[PDB]
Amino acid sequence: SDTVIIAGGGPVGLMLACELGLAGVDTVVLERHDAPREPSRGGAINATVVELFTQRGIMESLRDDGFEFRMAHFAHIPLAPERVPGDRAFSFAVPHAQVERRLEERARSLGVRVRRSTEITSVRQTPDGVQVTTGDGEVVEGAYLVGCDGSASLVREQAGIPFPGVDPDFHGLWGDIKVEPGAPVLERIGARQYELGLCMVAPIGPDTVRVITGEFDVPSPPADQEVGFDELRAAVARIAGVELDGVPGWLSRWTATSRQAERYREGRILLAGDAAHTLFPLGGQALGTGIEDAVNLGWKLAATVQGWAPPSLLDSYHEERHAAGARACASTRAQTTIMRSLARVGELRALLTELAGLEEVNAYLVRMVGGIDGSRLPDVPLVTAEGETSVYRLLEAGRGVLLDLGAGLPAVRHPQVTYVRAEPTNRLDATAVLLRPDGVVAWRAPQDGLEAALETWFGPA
């Protein structure tokens, strides 16, 4: 079998399906729900996601679904992203349900089989492949299975993969409320750290606000106990110091679980997204880390089933993304550490605000919280023989790219790699780079080791 089964059709699963579909791999996603769930948990995507979408032309399809914004924070300490030199993306306000719809439409348009209303009840693997049982008794078979089935992943559990980390005492609530004009909660728009905990209030409709509260190190009802509107109102009054009234729609709990799968791969079974790491939802790193799992994995998986992957390519998924996941965990825990009561962390918060005043600190934190590092390039304009283009347009094909910016290499000739010569530009501080299909820089002038890079990621030529 040459088929990849994706367990779960959330944002990470759907992104992975898009990657595999672009690569031309036979792919099936099994998703329990008949549609993306509403209301959306998330209302924004960070620089990591924006860039990874752009290098596949996915942001254009989201153009009219939301808006660019250029704000960021570290544990609700305001940062200034537009002061940061370079050309890295900023953030984008859009409900995650809409992101999911665009991703699903893209995946289907690429030939991926999407099976909604299909519950996985059982997961097995043999030396010859992968087998999943659905709630209708059907067995679906493939070469590989990827658990993108969220925090509580059935795939992770059935694979025997431990999920270590912590479940802190935390009282977290959220919901959409229809409010009247003049509603006191409208005086608390934004995400802020108050004396006792966090409260975020955001307009999501002409008469509607999303309200989120979170208080650390305090008792909380169990996560599947019903949330009465009076509980949310009491939290808002206690934390935000304002009276909430209105007509509640959605009301639910959320947790401060911070856990990561001990390994991202077990034979023919792999993990991505929330199944692989469940982190505190801050600044878009939670989804961002999952989306970048998907992009890291897609092309490696494809190369593997198509027969041209170097022996160790698929193992580099766990190696790179478990490290990246641990760094995301570290960043988000560093943040939640100072989201305790101000009686306990107020002074350190004020110190950090002061430090964030220093240009290098602001740049450091904006990049960290956006999930941005020097492993990928910015989407910079380029001029080639075929005219004007840019770095990320070269990556839309989903193929490796040797981009020569004046280093003047003899044209690299590898069946998996596209050689592109472009005029020099000051906006990239390398005269040549080798880009993996996920956009990651595998080599750059003037480093030695170009052939080893080529062979490591694409095989010999």
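A residue's number is simply how far along the shown sequence it sits, counting from 1.
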Next item on the list: On mean C-alpha B-factor from the PDB entry, just flag whether 78-86 or 256-264 is the higher one.
Entry: 78-86
Next item on the list: Name the higher of the two by mean Cα B-factor in the PDB entry, 136-144 versus 172-180.
Entry: 136-144
Next item on the list: Among the candidates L435, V29, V49, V412, give the one with the maximum CA B-factor reported in the record.
Entry: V412
Notebook entry, point to check: Between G371, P381, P162, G246, which one tops the list for C-alpha B-factor in the PDB entry?
Noted result: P381
Margin query: For the chain shown, is the CA B-factor of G21 in the lowest, middle or highest third of its modelled residues?
Written below: middle
Next item on the list: Report the third (lowest, middle or highest) to which the CA temperature factor of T336 belongs, ranking only the modelled residues of the same chain.
Entry: lowest
Note to self: Is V420 in the lowest, middle or highest third of its chain when residues are ranked by C-alpha B-factor?
What the structure shows: highest
Next item on the list: Give the position of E319 by CA B-factor within its chain, expressed as the lowest, middle or highest third.
Entry: middle
Check: C-alpha B factor of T353, ranked within the chain: lowest, middle or highest third?
Finding: lowest
